[PDB]
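Trainee: Kindly return the folded structure for what I paste below:
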Amino acid sequence: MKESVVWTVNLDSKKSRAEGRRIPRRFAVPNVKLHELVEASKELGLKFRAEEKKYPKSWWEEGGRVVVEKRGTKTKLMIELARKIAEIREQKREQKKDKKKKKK
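Mentor: Residues are numbered from 1 along each chain as shown. The protein structure is shown below:
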């Protein structure tokens, strides 16, 4: 019931510590996915929130930032957030807009 701030890059493995990595490689999702970050919170209706830079009218950006209600814990929240986000990434694996696209 508190507030936590997480960026899209932290949960991304492709982003090294210099890029901003706070998630363990074991559950890290390479390449941030809006479908995974937002769709994850939708599953619980209230766990984190996606924020966007003060001025979206710009180029060369990391996309957006996400905040999780929890606070107190650090990477574990990322592990939990990745736990929900990892499923959605996995959802893209189970179906690839092709296996289901053609039904026959």
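
Trainee: Pull out the buried positions in the biggest helix by length in the chain.
Mentor: For the chain, the helix that runs over the most residues, judged by DSSP state H, is helix 75-94. Buried residues in helix 75-94, counted by 16 or more other Cβ atoms under 10 Å: 77, 78, 79, 80, 81, 82, 84, 85, 86, 88, 89. Every residue, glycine included, has its C-beta placed from N, CA and C.

Trainee: Same list, these, but as JSON lines with distance to residue 53 please.
Mentor: Below are these laid out as JSON lines (distance: Cβ to Cβ, whole Å):
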{"residue": "77", "distance to residue 53": "22"}
{"residue": "78", "distance to residue 53": "21"}
{"residue": "79", "distance to residue 53": "26"}
{"residue": "80", "distance to residue 53": "25"}
{"residue": "81", "distance to residue 53": "20"}
{"residue": "82", "distance to residue 53": "23"}
{"residue": "84", "distance to residue 53": "24"}
{"residue": "85", "distance to residue 53": "20"}
{"residue": "86", "distance to residue 53": "25"}
{"residue": "88", "distance to residue 53": "23"}
{"residue": "89", "distance to residue 53": "24"}
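
Trainee: Can you show me the strands along this structure?
Mentor: Here the chain has its strands, by DSSP state E, at 4-7, 48-51, 65-68.

Trainee: wait, which of these is closest to residue 24?
Mentor: Residue 24 sits nearest to strand 4-7 of all these, at 13.7 Å, using Cβ to Cβ.

Trainee: residues of the closest one that come out buried?
Mentor: Of the residues in strand 4-7, those buried (16+ other Cβ under 10 Å) are 4, 6, 7.
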